[PDB]
>>> print(open('protein-v7.txt').read())   # compact mmCIF, C-alpha atoms and all ligand atoms
# COMPACT_ATOMS: atom_id res chain seq x y z
CA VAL A 1 -3.87 -19.09 -0.32
CA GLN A 2 -2.92 -20.24 3.22
CA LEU A 3 -5.84 -18.90 5.35
CA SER A 4 -7.24 -20.45 8.52
CA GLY A 5 -11.04 -20.86 8.80
CA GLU A 6 -11.19 -17.85 11.20
CA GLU A 7 -9.42 -15.62 8.68
CA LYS A 8 -11.56 -16.77 5.69
CA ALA A 9 -14.72 -15.91 7.62
CA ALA A 10 -13.37 -12.48 8.56
CA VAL A 11 -12.37 -11.85 4.91
CA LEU A 12 -15.81 -12.88 3.59
CA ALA A 13 -17.64 -10.91 6.28
CA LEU A 14 -15.90 -7.62 5.24
CA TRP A 15 -16.67 -8.28 1.57
CA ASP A 16 -20.39 -8.31 2.44
CA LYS A 17 -19.93 -4.56 3.17
CA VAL A 18 -17.85 -3.66 0.11
CA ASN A 19 -19.62 -1.42 -2.37
CA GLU A 20 -17.93 -2.53 -5.56
CA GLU A 21 -18.78 0.67 -7.45
CA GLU A 22 -17.46 3.11 -4.86
CA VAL A 23 -14.44 1.05 -3.73
CA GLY A 24 -13.67 0.01 -7.31
CA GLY A 25 -13.89 3.50 -8.80
CA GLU A 26 -11.70 4.87 -5.96
CA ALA A 27 -9.04 2.10 -6.24
CA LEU A 28 -8.60 2.45 -9.99
CA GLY A 29 -8.60 6.25 -9.72
CA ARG A 30 -5.92 6.26 -7.02
CA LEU A 31 -3.77 3.85 -9.10
CA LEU A 32 -3.90 6.30 -12.03
CA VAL A 33 -3.09 9.29 -9.86
CA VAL A 34 -0.40 7.75 -7.63
CA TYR A 35 1.34 5.63 -10.36
CA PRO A 36 0.89 7.80 -13.47
CA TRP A 37 2.56 5.41 -15.99
CA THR A 38 -0.55 3.25 -15.49
CA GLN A 39 -2.44 5.92 -17.49
CA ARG A 40 -0.74 4.63 -20.68
CA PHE A 41 -3.11 1.64 -20.65
CA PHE A 42 -6.31 3.80 -20.47
CA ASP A 43 -5.99 6.49 -23.17
CA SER A 44 -9.38 5.43 -24.52
CA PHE A 45 -10.96 6.85 -21.28
CA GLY A 46 -10.05 10.42 -22.34
CA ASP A 47 -8.40 13.09 -20.16
CA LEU A 48 -6.60 11.59 -17.15
CA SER A 49 -4.29 14.59 -16.72
CA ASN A 50 -5.23 15.94 -13.26
CA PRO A 51 -6.74 14.14 -10.19
CA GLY A 52 -10.09 15.94 -10.55
CA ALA A 53 -10.52 14.56 -14.06
CA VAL A 54 -9.51 11.01 -13.02
CA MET A 55 -11.84 10.55 -10.00
CA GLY A 56 -15.02 11.83 -11.73
CA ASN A 57 -14.35 10.07 -15.09
CA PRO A 58 -17.34 7.65 -15.66
CA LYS A 59 -15.18 5.13 -17.56
CA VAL A 60 -12.80 4.98 -14.57
CA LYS A 61 -15.80 4.25 -12.26
CA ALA A 62 -17.25 1.61 -14.60
CA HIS A 63 -13.91 -0.13 -15.14
CA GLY A 64 -13.10 0.04 -11.40
CA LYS A 65 -16.41 -1.71 -10.71
CA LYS A 66 -15.51 -4.55 -13.11
CA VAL A 67 -12.11 -4.94 -11.51
CA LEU A 68 -13.57 -5.16 -8.00
CA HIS A 69 -16.26 -7.54 -9.17
CA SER A 70 -13.57 -9.84 -10.48
CA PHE A 71 -11.62 -9.46 -7.17
CA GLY A 72 -14.85 -10.56 -5.42
CA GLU A 73 -14.90 -13.70 -7.57
CA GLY A 74 -11.40 -14.42 -6.19
CA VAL A 75 -12.53 -13.80 -2.62
CA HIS A 76 -15.33 -16.35 -3.19
CA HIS A 77 -12.98 -18.91 -4.88
CA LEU A 78 -9.77 -18.75 -2.76
CA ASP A 79 -9.21 -22.51 -3.33
CA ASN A 80 -9.03 -21.99 -7.12
CA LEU A 81 -7.45 -18.63 -7.90
CA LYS A 82 -5.46 -20.13 -10.90
CA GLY A 83 -8.69 -21.34 -12.57
CA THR A 84 -10.72 -18.19 -11.78
CA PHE A 85 -8.14 -15.82 -13.38
CA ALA A 86 -6.82 -17.98 -16.32
CA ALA A 87 -8.77 -16.04 -19.01
CA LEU A 88 -7.87 -12.68 -17.45
CA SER A 89 -4.14 -13.73 -17.17
CA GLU A 90 -4.10 -14.35 -20.95
CA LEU A 91 -5.85 -10.97 -21.66
CA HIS A 92 -3.41 -8.96 -19.48
CA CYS A 93 -0.28 -10.77 -20.82
CA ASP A 94 -0.93 -11.46 -24.48
CA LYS A 95 -3.30 -8.59 -25.40
CA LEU A 96 -2.49 -5.75 -22.94
CA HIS A 97 1.24 -6.44 -22.08
CA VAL A 98 0.73 -5.19 -18.49
CA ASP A 99 3.87 -5.77 -16.40
CA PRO A 100 2.81 -7.96 -13.41
CA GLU A 101 4.45 -5.58 -10.94
CA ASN A 102 1.37 -3.41 -11.58
CA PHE A 103 -1.00 -6.13 -10.25
CA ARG A 104 0.73 -5.89 -6.84
CA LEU A 105 0.49 -2.09 -6.99
CA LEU A 106 -3.25 -2.24 -7.58
CA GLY A 107 -3.70 -4.82 -4.80
CA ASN A 108 -1.91 -2.54 -2.38
CA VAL A 109 -3.98 0.46 -3.49
CA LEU A 110 -7.13 -1.61 -2.90
CA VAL A 111 -5.92 -2.40 0.63
CA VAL A 112 -5.39 1.32 1.30
CA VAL A 113 -8.92 2.06 0.05
CA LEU A 114 -10.44 -0.62 2.29
CA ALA A 115 -8.59 0.97 5.19
CA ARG A 116 -10.00 4.38 4.31
CA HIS A 117 -13.56 3.11 4.04
CA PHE A 118 -13.56 0.79 7.09
CA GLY A 119 -11.37 2.68 9.54
CA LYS A 120 -10.67 0.97 12.86
CA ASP A 121 -12.66 -2.07 11.76
CA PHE A 122 -9.85 -2.74 9.22
CA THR A 123 -7.65 -4.14 11.95
CA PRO A 124 -3.97 -5.09 11.47
CA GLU A 125 -5.04 -8.81 11.54
CA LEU A 126 -7.70 -8.19 8.92
CA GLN A 127 -5.25 -6.30 6.81
CA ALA A 128 -2.75 -9.17 7.07
CA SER A 129 -5.44 -11.55 5.68
CA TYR A 130 -6.23 -9.11 2.87
CA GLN A 131 -2.52 -8.89 1.97
CA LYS A 132 -2.55 -12.65 1.43
CA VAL A 133 -5.60 -12.38 -0.82
CA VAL A 134 -4.24 -9.53 -2.99
CA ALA A 135 -0.96 -11.40 -3.36
CA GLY A 136 -2.81 -14.59 -4.37
CA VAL A 137 -4.80 -12.65 -6.99
CA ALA A 138 -1.67 -10.93 -8.34
CA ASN A 139 0.12 -14.28 -8.72
CA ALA A 140 -2.86 -15.93 -10.48
CA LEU A 141 -2.98 -12.96 -12.89
CA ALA A 142 0.76 -13.36 -13.47
CA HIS A 143 0.33 -17.14 -14.16
CA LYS A 144 0.30 -17.00 -18.08
CA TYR A 145 3.44 -14.79 -18.28
CA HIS A 146 5.49 -17.70 -16.63
CA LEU B 1 9.37 16.30 -4.76
CA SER B 2 7.87 19.35 -6.49
CA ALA B 3 6.85 22.53 -4.70
CA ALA B 4 3.25 21.17 -4.80
CA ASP B 5 4.26 17.84 -3.22
CA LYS B 6 6.13 19.70 -0.43
CA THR B 7 3.09 21.79 0.34
CA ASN B 8 0.86 18.71 0.43
CA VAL B 9 3.30 16.80 2.68
CA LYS B 10 3.68 19.72 5.15
CA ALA B 11 -0.09 20.13 5.17
CA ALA B 12 -0.89 16.43 5.65
CA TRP B 13 1.72 16.06 8.40
CA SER B 14 0.26 19.06 10.27
CA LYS B 15 -2.97 17.04 10.50
CA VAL B 16 -1.06 14.01 11.80
CA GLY B 17 0.32 16.33 14.46
CA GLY B 18 0.85 14.74 17.88
CA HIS B 19 -0.31 11.29 16.53
CA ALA B 20 2.94 10.60 14.63
CA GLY B 21 4.27 8.14 17.26
CA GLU B 22 0.99 6.22 17.64
CA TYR B 23 0.73 5.96 13.83
CA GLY B 24 4.35 4.80 13.59
CA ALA B 25 3.65 2.05 16.12
CA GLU B 26 0.47 0.93 14.32
CA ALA B 27 2.33 0.88 10.97
CA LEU B 28 4.98 -1.41 12.54
CA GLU B 29 2.31 -3.76 13.85
CA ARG B 30 0.57 -3.83 10.46
CA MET B 31 3.94 -4.64 8.83
CA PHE B 32 4.92 -7.44 11.27
CA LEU B 33 1.59 -9.16 10.86
CA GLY B 34 1.19 -8.47 7.11
CA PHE B 35 4.82 -9.26 6.14
CA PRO B 36 6.29 -11.72 8.67
CA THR B 37 9.80 -11.72 7.04
CA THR B 38 10.22 -8.21 8.57
CA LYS B 39 10.21 -9.66 12.16
CA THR B 40 13.74 -11.05 11.70
CA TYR B 41 15.24 -7.56 12.04
CA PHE B 42 13.74 -7.37 15.55
CA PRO B 43 14.82 -10.54 17.39
CA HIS B 44 15.38 -8.53 20.61
CA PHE B 45 11.79 -7.12 20.62
CA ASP B 46 8.63 -8.40 22.20
CA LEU B 47 6.42 -8.15 19.12
CA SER B 48 3.04 -8.94 20.83
CA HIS B 49 0.12 -6.52 20.40
CA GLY B 50 0.73 -3.33 22.42
CA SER B 51 4.27 -4.26 23.48
CA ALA B 52 6.07 -1.25 24.81
CA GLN B 53 9.18 -1.78 22.67
CA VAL B 54 7.02 -1.46 19.54
CA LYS B 55 5.33 1.64 20.99
CA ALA B 56 8.75 3.16 21.79
CA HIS B 57 10.20 2.26 18.39
CA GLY B 58 7.03 3.63 16.66
CA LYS B 59 7.70 6.92 18.45
CA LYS B 60 11.27 7.04 17.12
CA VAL B 61 10.01 6.33 13.58
CA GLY B 62 7.29 8.99 13.87
CA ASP B 63 9.80 11.52 15.19
CA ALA B 64 12.26 10.85 12.33
CA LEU B 65 9.46 11.35 9.80
CA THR B 66 8.54 14.63 11.52
CA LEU B 67 12.22 15.64 11.24
CA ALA B 68 12.21 14.73 7.51
CA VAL B 69 9.08 16.86 6.85
CA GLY B 70 10.92 19.81 8.34
CA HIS B 71 14.01 19.19 6.08
CA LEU B 72 12.46 18.37 2.67
CA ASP B 73 15.13 20.40 0.86
CA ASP B 74 17.99 18.40 2.51
CA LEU B 75 16.85 14.88 3.31
CA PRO B 76 20.42 13.49 2.85
CA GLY B 77 21.95 15.87 5.43
CA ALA B 78 19.09 15.51 7.93
CA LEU B 79 18.86 11.65 7.78
CA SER B 80 22.48 10.65 7.21
CA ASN B 81 23.08 9.04 10.65
CA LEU B 82 20.05 6.86 9.91
CA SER B 83 21.40 5.97 6.40
CA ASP B 84 24.58 4.60 8.09
CA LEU B 85 22.46 2.65 10.56
CA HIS B 86 20.12 1.04 8.05
CA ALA B 87 22.66 0.38 5.23
CA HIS B 88 25.95 -0.34 7.03
CA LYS B 89 25.00 -1.70 10.45
CA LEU B 90 21.57 -3.32 9.97
CA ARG B 91 21.81 -4.19 6.21
CA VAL B 92 18.06 -3.80 5.78
CA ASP B 93 16.83 -5.27 2.51
CA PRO B 94 15.49 -2.31 0.39
CA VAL B 95 12.25 -4.18 -0.24
CA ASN B 96 11.31 -3.72 3.43
CA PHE B 97 11.09 0.08 3.09
CA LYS B 98 8.31 -0.34 0.51
CA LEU B 99 6.43 -2.61 2.91
CA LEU B 100 6.68 -0.20 5.80
CA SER B 101 5.69 2.68 3.53
CA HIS B 102 2.55 0.78 2.45
CA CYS B 103 1.78 0.07 6.15
CA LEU B 104 2.12 3.72 7.06
CA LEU B 105 -0.19 4.86 4.25
CA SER B 106 -2.70 2.20 5.36
CA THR B 107 -2.51 3.59 8.92
CA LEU B 108 -3.04 7.15 7.72
CA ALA B 109 -6.04 6.06 5.67
CA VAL B 110 -7.61 4.48 8.79
CA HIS B 111 -7.28 7.57 11.06
CA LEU B 112 -7.51 10.49 8.54
CA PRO B 113 -10.02 9.31 5.91
CA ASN B 114 -11.27 12.74 4.90
CA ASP B 115 -7.71 14.22 4.69
CA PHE B 116 -6.22 11.24 2.78
CA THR B 117 -7.33 12.50 -0.63
CA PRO B 118 -5.83 11.11 -3.93
CA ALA B 119 -3.50 14.18 -4.31
CA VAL B 120 -2.30 13.85 -0.68
CA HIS B 121 -1.85 10.07 -1.18
CA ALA B 122 0.29 10.73 -4.27
CA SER B 123 2.50 13.33 -2.45
CA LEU B 124 2.98 11.14 0.65
CA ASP B 125 3.91 8.18 -1.52
CA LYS B 126 6.64 10.31 -3.10
CA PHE B 127 7.80 11.56 0.32
CA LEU B 128 8.09 8.00 1.69
CA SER B 129 10.01 6.87 -1.47
CA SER B 130 12.41 9.82 -1.05
CA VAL B 131 13.02 8.96 2.60
CA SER B 132 13.48 5.26 1.68
CA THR B 133 16.03 6.21 -0.96
CA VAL B 134 18.03 8.22 1.56
CA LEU B 135 17.99 5.35 4.11
CA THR B 136 19.25 2.81 1.50
CA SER B 137 21.62 5.18 -0.32
CA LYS B 138 24.84 4.18 1.53
CA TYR B 139 25.35 0.91 -0.43
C1 LIG C 201 -4.69 -6.88 -10.14
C2 LIG C 201 -5.95 -6.95 -10.38
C3 LIG C 201 -6.60 -6.69 -11.71
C4 LIG C 201 -7.81 -7.24 -12.07
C5 LIG C 201 -8.64 -8.14 -11.16
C6 LIG C 201 -8.18 -6.82 -13.43
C7 LIG C 201 -9.36 -7.19 -14.05
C8 LIG C 201 -9.82 -6.81 -15.26
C9 LIG C 201 -11.05 -7.15 -15.83
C10 LIG C 201 -12.19 -7.90 -15.16
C11 LIG C 201 -11.07 -6.60 -17.10
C12 LIG C 201 -12.23 -6.54 -18.06
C13 LIG C 201 -12.03 -7.42 -19.24
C14 LIG C 201 -13.36 -7.47 -19.99
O1 LIG C 201 -14.31 -6.60 -19.78
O2 LIG C 201 -13.40 -8.46 -20.78
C15 LIG C 201 -9.83 -5.96 -17.27
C16 LIG C 201 -9.48 -5.25 -18.38
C17 LIG C 201 -8.37 -4.43 -18.44
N1 LIG C 201 -7.44 -4.24 -17.49
FE1 LIG C 201 -7.29 -5.20 -15.77
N2 LIG C 201 -7.25 -6.06 -13.85
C18 LIG C 201 -6.24 -5.96 -12.93
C19 LIG C 201 -5.15 -5.17 -13.05
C20 LIG C 201 -4.86 -4.30 -14.11
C21 LIG C 201 -3.77 -3.39 -14.14
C22 LIG C 201 -2.75 -3.12 -13.00
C23 LIG C 201 -3.84 -2.75 -15.36
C24 LIG C 201 -2.95 -1.68 -15.92
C25 LIG C 201 -1.96 -0.99 -15.36
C26 LIG C 201 -4.99 -3.28 -16.09
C27 LIG C 201 -5.44 -2.89 -17.34
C28 LIG C 201 -6.61 -3.32 -17.98
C29 LIG C 201 -7.04 -2.83 -19.31
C30 LIG C 201 -6.41 -1.79 -20.25
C31 LIG C 201 -8.14 -3.53 -19.60
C32 LIG C 201 -8.99 -3.38 -20.84
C33 LIG C 201 -9.84 -2.09 -20.58
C34 LIG C 201 -10.92 -1.90 -21.64
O3 LIG C 201 -10.67 -2.24 -22.79
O4 LIG C 201 -12.05 -1.48 -21.33
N3 LIG C 201 -5.56 -4.19 -15.27
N4 LIG C 201 -9.08 -6.08 -16.12
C1 LIG C 202 10.55 5.17 6.90
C2 LIG C 202 11.36 4.25 7.19
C3 LIG C 202 12.16 4.16 8.46
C4 LIG C 202 12.48 5.08 9.38
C5 LIG C 202 12.15 6.56 9.38
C6 LIG C 202 13.25 4.41 10.39
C7 LIG C 202 13.79 5.07 11.48
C8 LIG C 202 14.53 4.46 12.44
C9 LIG C 202 14.97 5.07 13.64
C10 LIG C 202 14.75 6.54 14.02
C11 LIG C 202 15.71 4.18 14.32
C12 LIG C 202 16.29 4.39 15.73
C13 LIG C 202 17.54 5.17 15.67
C14 LIG C 202 18.10 5.13 17.11
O1 LIG C 202 17.35 5.12 18.17
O2 LIG C 202 19.35 5.02 17.15
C15 LIG C 202 15.66 2.98 13.60
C16 LIG C 202 16.23 1.80 14.01
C17 LIG C 202 15.96 0.55 13.41
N1 LIG C 202 15.28 0.37 12.29
FE1 LIG C 202 14.42 1.73 11.14
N2 LIG C 202 13.35 3.12 10.08
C18 LIG C 202 12.81 2.91 8.90
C19 LIG C 202 12.67 1.67 8.26
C20 LIG C 202 13.05 0.43 8.71
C21 LIG C 202 12.74 -0.80 8.18
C22 LIG C 202 11.96 -1.05 6.87
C23 LIG C 202 13.30 -1.77 8.99
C24 LIG C 202 13.25 -3.25 8.87
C25 LIG C 202 12.25 -3.98 8.38
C26 LIG C 202 13.97 -1.06 10.04
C27 LIG C 202 14.62 -1.62 11.09
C28 LIG C 202 15.19 -0.95 12.17
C29 LIG C 202 15.91 -1.69 13.21
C30 LIG C 202 16.14 -3.18 13.34
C31 LIG C 202 16.43 -0.75 13.99
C32 LIG C 202 17.20 -0.94 15.29
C33 LIG C 202 16.13 -1.02 16.40
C34 LIG C 202 16.64 -1.23 17.79
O3 LIG C 202 17.51 -1.99 17.98
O4 LIG C 202 16.17 -0.70 18.77
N3 LIG C 202 13.77 0.25 9.85
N4 LIG C 202 14.89 3.18 12.45
>>> encode(input="protein-v7.txt", output="structure tokens")
Amino acid sequence: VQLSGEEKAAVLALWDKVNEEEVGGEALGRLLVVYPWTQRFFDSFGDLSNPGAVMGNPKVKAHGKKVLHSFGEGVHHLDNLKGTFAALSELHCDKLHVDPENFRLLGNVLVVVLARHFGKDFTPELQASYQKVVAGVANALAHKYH
Amino acid sequence: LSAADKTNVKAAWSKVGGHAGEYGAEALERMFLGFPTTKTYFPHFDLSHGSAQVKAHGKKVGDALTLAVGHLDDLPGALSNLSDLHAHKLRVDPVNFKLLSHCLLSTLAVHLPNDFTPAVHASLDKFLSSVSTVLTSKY
């Protein structure tokens, strides 16, 4: 990802404040509510029918935490996103058959959640940096479809 | 847009209230910085932080969205001058509507965190897609 030193430091400094459980659980929950076809991949989690059911589902929280943890790995390895997400790219392509469009959707949801949690500290400049990160992650996840 | 979506959109916009223009301006700024390809539609603007042209244009965007919320049953009739502008005169790439939509939701999350619930998020997403559709529908 093309980030200046300034931008990297700002990205890393925000991540220090990210609660992976709360942000993760919220991001995955909002994906399932806002883009309901995404529910097809998570039938094993039980009832995802209304928004109440989605946001309090403990499997949604636990999975959301794993997702954000793995995003954090990417934030800490921005020089090697291809290598960091190789195994996950294979899983999502060959085992799960997730269309890569949905990786961009989740990245964008994550950005909206960061905005919600951080308010006026999530400046337009900081958001711009985060858009570069979520795009880099989405592309590295898409790598083993190409 | 279902009856439930329309209620949620009317509700959420009532909380936006008089801030529509300031949020429109902030969404534009978030878009220009986040997605630099969008700047090429605005060669005639000063795009620096707090430029007055962006504030003025943000107001016009906010006002049009307020208009749309009042005409949810007839978005085509209410927005059709703007469809002509965006499709025939400006030839805006349809992708750019999704970017601005994302930037507006981001802005709303910043300023209305308690009101920006998952159900309200879902209904606003649908509202902004429906508007986008109308503004790209004349090609
Ligand atoms: C874009 C960022 C995304 C990241 C970082 C990510 C990351 C992960 C991780 C870390 C796992 C756990 C694998 C394991 O425990 O071995 C996983 C599993 C999975 N992901 Fe993703 N994912 C992403 C997007 C998506 C999207 C958009 C979908 C679906 C629409 C999806 C569906 C799944 C499913 C079904 C599993 C297996 C769940 C289970 O069996 O418990 N992922 N993902
Ligand atoms: C929700 C989506 C949008 C709304 C409601 C909207 C609304 C408007 C309005 C109300 C005008 C001014 C009409 C007038 O004063 O005659 C306008 C003009 C314009 N719009 Fe949009 N717009 C949208 C999306 C976009 C996007 C995505 C772009 C490009 C990235 C764009 C580019 C422009 C440009 C270049 C003009 C002419 C500005 C000027 O010369 O002053 N619009 N739009």
>>> closest_atom_pairs(input="protein-v7.txt", of="chain A", to="chain B", cutoff="9 Å", atoms="all atoms listed in the file", output="CSV")
residue,atom,partner,partner_atom,distance
A:26,CA,B:118,CA,8.8
A:29,CA,B:118,CA,8.1
A:30,CA,B:118,CA,5.8
A:33,CA,B:122,CA,6.7
A:34,CA,B:122,CA,4.5
A:35,CA,B:122,CA,8.0
A:51,CA,B:119,CA,6.7
A:55,CA,B:118,CA,8.6
A:108,CA,B:102,CA,7.4
A:109,CA,B:102,CA,8.8
A:111,CA,B:106,CA,7.3
A:112,CA,B:106,CA,4.9
A:113,CA,B:109,CA,7.5
A:114,CA,B:109,CA,8.7
A:115,CA,B:110,CA,5.1
A:116,CA,B:109,CA,4.5
A:117,CA,B:113,CA,7.4
A:118,CA,B:110,CA,7.2
A:119,CA,B:110,CA,4.2
A:120,CA,B:110,CA,6.2
A:121,CA,B:110,CA,8.8
A:122,CA,B:110,CA,7.6
A:123,CA,B:30,CA,8.4
A:124,CA,B:30,CA,4.8
A:125,CA,B:33,CA,6.7
A:127,CA,B:34,CA,6.8
A:128,CA,B:34,CA,4.0
A:129,CA,B:34,CA,7.4
A:130,CA,B:34,CA,8.6
A:131,CA,B:34,CA,6.4
A:132,CA,B:34,CA,8.0
>>> write_last_selection(input="protein-v7.txt", atoms="C-alpha atoms", output="short mmCIF file (atom, residue, chain, number, x, y, z; two decimals), keeping the file's coordinate frame")
data_model
loop_
_atom_site.label_atom_id
_atom_site.label_comp_id
_atom_site.auth_asym_id
_atom_site.auth_seq_id
_atom_site.Cartn_x
_atom_site.Cartn_y
_atom_site.Cartn_z
CA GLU A 26 -11.70 4.87 -5.96
CA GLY A 29 -8.60 6.25 -9.72
CA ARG A 30 -5.92 6.26 -7.02
CA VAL A 33 -3.09 9.29 -9.86
CA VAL A 34 -0.40 7.75 -7.63
CA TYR A 35 1.34 5.63 -10.36
CA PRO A 51 -6.74 14.14 -10.19
CA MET A 55 -11.84 10.55 -10.00
CA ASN A 108 -1.91 -2.54 -2.38
CA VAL A 109 -3.98 0.46 -3.49
CA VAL A 111 -5.92 -2.40 0.63
CA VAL A 112 -5.39 1.32 1.30
CA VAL A 113 -8.92 2.06 0.05
CA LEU A 114 -10.44 -0.62 2.29
CA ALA A 115 -8.59 0.97 5.19
CA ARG A 116 -10.00 4.38 4.31
CA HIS A 117 -13.56 3.11 4.04
CA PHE A 118 -13.56 0.79 7.09
CA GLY A 119 -11.37 2.68 9.54
CA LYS A 120 -10.67 0.97 12.86
CA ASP A 121 -12.66 -2.07 11.76
CA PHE A 122 -9.85 -2.74 9.22
CA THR A 123 -7.65 -4.14 11.95
CA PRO A 124 -3.97 -5.09 11.47
CA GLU A 125 -5.04 -8.81 11.54
CA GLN A 127 -5.25 -6.30 6.81
CA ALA A 128 -2.75 -9.17 7.07
CA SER A 129 -5.44 -11.55 5.68
CA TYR A 130 -6.23 -9.11 2.87
CA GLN A 131 -2.52 -8.89 1.97
CA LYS A 132 -2.55 -12.65 1.43
#
>>> closest_atom_pairs(input="protein-v7.txt", of="chain B", to="ligand LIG 202 (chain C)", cutoff="7 Å", atoms="all atoms listed in the file", output="JSON lines")
{"residue": "B:38", "atom": "CA", "partner": "C:LIG202", "partner_atom": "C25", "distance": 4.7}
{"residue": "B:41", "atom": "CA", "partner": "C:LIG202", "partner_atom": "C30", "distance": 4.7}
{"residue": "B:42", "atom": "CA", "partner": "C:LIG202", "partner_atom": "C30", "distance": 5.3}
{"residue": "B:57", "atom": "CA", "partner": "C:LIG202", "partner_atom": "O4", "distance": 6.7}
{"residue": "B:60", "atom": "CA", "partner": "C:LIG202", "partner_atom": "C10", "distance": 4.7}
{"residue": "B:61", "atom": "CA", "partner": "C:LIG202", "partner_atom": "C7", "distance": 4.5}
{"residue": "B:64", "atom": "CA", "partner": "C:LIG202", "partner_atom": "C5", "distance": 5.2}
{"residue": "B:65", "atom": "CA", "partner": "C:LIG202", "partner_atom": "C5", "distance": 5.5}
{"residue": "B:82", "atom": "CA", "partner": "C:LIG202", "partner_atom": "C13", "distance": 6.5}
{"residue": "B:86", "atom": "CA", "partner": "C:LIG202", "partner_atom": "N1", "distance": 6.5}
{"residue": "B:90", "atom": "CA", "partner": "C:LIG202", "partner_atom": "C30", "distance": 6.4}
{"residue": "B:92", "atom": "CA", "partner": "C:LIG202", "partner_atom": "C24", "distance": 5.7}
{"residue": "B:96", "atom": "CA", "partner": "C:LIG202", "partner_atom": "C22", "distance": 4.4}
{"residue": "B:97", "atom": "CA", "partner": "C:LIG202", "partner_atom": "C22", "distance": 4.0}
{"residue": "B:99", "atom": "CA", "partner": "C:LIG202", "partner_atom": "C22", "distance": 7.0}
{"residue": "B:100", "atom": "CA", "partner": "C:LIG202", "partner_atom": "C22", "distance": 5.5}
{"residue": "B:101", "atom": "CA", "partner": "C:LIG202", "partner_atom": "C1", "distance": 6.4}
{"residue": "B:128", "atom": "CA", "partner": "C:LIG202", "partner_atom": "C1", "distance": 6.4}
{"residue": "B:131", "atom": "CA", "partner": "C:LIG202", "partner_atom": "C1", "distance": 6.2}
{"residue": "B:132", "atom": "CA", "partner": "C:LIG202", "partner_atom": "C1", "distance": 6.0}
>>> atom_distance(input="protein-v7.txt", atom1="CA of residue 142 in chain A", atom2="CA of residue 80 in chain A")
14.5 Å
>>> residues_near_ligand(input="protein-v7.txt", ligand="ligand LIG 201 (chain C)", cutoff="10 Å", atoms="all atoms listed in the file", output="mmCIF file with C-alpha atoms, in the coordinates of the input")
data_model
loop_
_atom_site.group_PDB
_atom_site.id
_atom_site.type_symbol
_atom_site.label_atom_id
_atom_site.label_comp_id
_atom_site.auth_asym_id
_atom_site.auth_seq_id
_atom_site.Cartn_x
_atom_site.Cartn_y
_atom_site.Cartn_z
ATOM 1 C CA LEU A 28 -8.600 2.450 -9.990
ATOM 2 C CA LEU A 31 -3.770 3.850 -9.100
ATOM 3 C CA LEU A 32 -3.900 6.300 -12.030
ATOM 4 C CA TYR A 35 1.340 5.630 -10.360
ATOM 5 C CA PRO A 36 0.890 7.800 -13.470
ATOM 6 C CA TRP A 37 2.560 5.410 -15.990
ATOM 7 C CA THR A 38 -0.550 3.250 -15.490
ATOM 8 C CA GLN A 39 -2.440 5.920 -17.490
ATOM 9 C CA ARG A 40 -0.740 4.630 -20.680
ATOM 10 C CA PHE A 41 -3.110 1.640 -20.650
ATOM 11 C CA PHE A 42 -6.310 3.800 -20.470
ATOM 12 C CA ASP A 43 -5.990 6.490 -23.170
ATOM 13 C CA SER A 44 -9.380 5.430 -24.520
ATOM 14 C CA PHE A 45 -10.960 6.850 -21.280
ATOM 15 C CA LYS A 59 -15.180 5.130 -17.560
ATOM 16 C CA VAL A 60 -12.800 4.980 -14.570
ATOM 17 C CA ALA A 62 -17.250 1.610 -14.600
ATOM 18 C CA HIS A 63 -13.910 -0.130 -15.140
ATOM 19 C CA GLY A 64 -13.100 0.040 -11.400
ATOM 20 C CA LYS A 65 -16.410 -1.710 -10.710
ATOM 21 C CA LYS A 66 -15.510 -4.550 -13.110
ATOM 22 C CA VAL A 67 -12.110 -4.940 -11.510
ATOM 23 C CA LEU A 68 -13.570 -5.160 -8.000
ATOM 24 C CA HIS A 69 -16.260 -7.540 -9.170
ATOM 25 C CA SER A 70 -13.570 -9.840 -10.480
ATOM 26 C CA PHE A 71 -11.620 -9.460 -7.170
ATOM 27 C CA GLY A 72 -14.850 -10.560 -5.420
ATOM 28 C CA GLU A 73 -14.900 -13.700 -7.570
ATOM 29 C CA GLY A 74 -11.400 -14.420 -6.190
ATOM 30 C CA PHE A 85 -8.140 -15.820 -13.380
ATOM 31 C CA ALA A 87 -8.770 -16.040 -19.010
ATOM 32 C CA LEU A 88 -7.870 -12.680 -17.450
ATOM 33 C CA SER A 89 -4.140 -13.730 -17.170
ATOM 34 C CA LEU A 91 -5.850 -10.970 -21.660
ATOM 35 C CA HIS A 92 -3.410 -8.960 -19.480
ATOM 36 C CA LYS A 95 -3.300 -8.590 -25.400
ATOM 37 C CA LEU A 96 -2.490 -5.750 -22.940
ATOM 38 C CA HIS A 97 1.240 -6.440 -22.080
ATOM 39 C CA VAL A 98 0.730 -5.190 -18.490
ATOM 40 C CA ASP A 99 3.870 -5.770 -16.400
ATOM 41 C CA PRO A 100 2.810 -7.960 -13.410
ATOM 42 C CA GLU A 101 4.450 -5.580 -10.940
ATOM 43 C CA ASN A 102 1.370 -3.410 -11.580
ATOM 44 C CA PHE A 103 -1.000 -6.130 -10.250
ATOM 45 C CA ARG A 104 0.730 -5.890 -6.840
ATOM 46 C CA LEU A 105 0.490 -2.090 -6.990
ATOM 47 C CA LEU A 106 -3.250 -2.240 -7.580
ATOM 48 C CA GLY A 107 -3.700 -4.820 -4.800
ATOM 49 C CA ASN A 108 -1.910 -2.540 -2.380
ATOM 50 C CA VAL A 109 -3.980 0.460 -3.490
ATOM 51 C CA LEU A 110 -7.130 -1.610 -2.900
ATOM 52 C CA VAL A 134 -4.240 -9.530 -2.990
ATOM 53 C CA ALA A 135 -0.960 -11.400 -3.360
ATOM 54 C CA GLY A 136 -2.810 -14.590 -4.370
ATOM 55 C CA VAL A 137 -4.800 -12.650 -6.990
ATOM 56 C CA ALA A 138 -1.670 -10.930 -8.340
ATOM 57 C CA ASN A 139 0.120 -14.280 -8.720
ATOM 58 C CA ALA A 140 -2.860 -15.930 -10.480
ATOM 59 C CA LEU A 141 -2.980 -12.960 -12.890
ATOM 60 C CA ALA A 142 0.760 -13.360 -13.470
#
